[PDB]
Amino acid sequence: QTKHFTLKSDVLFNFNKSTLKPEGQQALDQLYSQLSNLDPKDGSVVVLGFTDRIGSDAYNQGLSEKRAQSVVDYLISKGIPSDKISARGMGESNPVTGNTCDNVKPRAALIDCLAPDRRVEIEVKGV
């Protein structure tokens, strides 16, 4: 059995930062039950960080990876074994919004429209 989780980066992290906000800690707490029912042998967890097509929530590079790694770190401290979990920074790839926001021009409104693309996804194999 495979499970999929999506968290909002706007809730998890401050702008340009990868330190988990309290609300982000809580959202990982609330999912940790089901996020940890792993097969001892072949259970694995992959944390994938994404931003939007203009990278609106960062001005420094590497933040989608930093954020995924930051989520891994937290989850390991909750009790996922470190050899069972890994982080990847997917940047702007695989946008959820598709072409929805192509014609949105103001910076504020474009940020809003692109919110669904600013997320961390978690794939759990073997539950």
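Numbering starts at 1 and follows the sequence shown.
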Higher avg CA temperature factor (35-43 vs 22-30, as deposited) belongs to 35-43
For 102-110 versus 6-14, entry-based mean Cα B-factors point to 102-110
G89 - which third its CA temperature factor falls in, relative to the rest of the chain: lowest
Lowest, middle or highest third: where is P81 by Cα B-factor in its chain? highest
Can you tell me whether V124 has a C-alpha B-factor in the lowest, middle or highest third compared with the other modelled residues of the same chain? middle
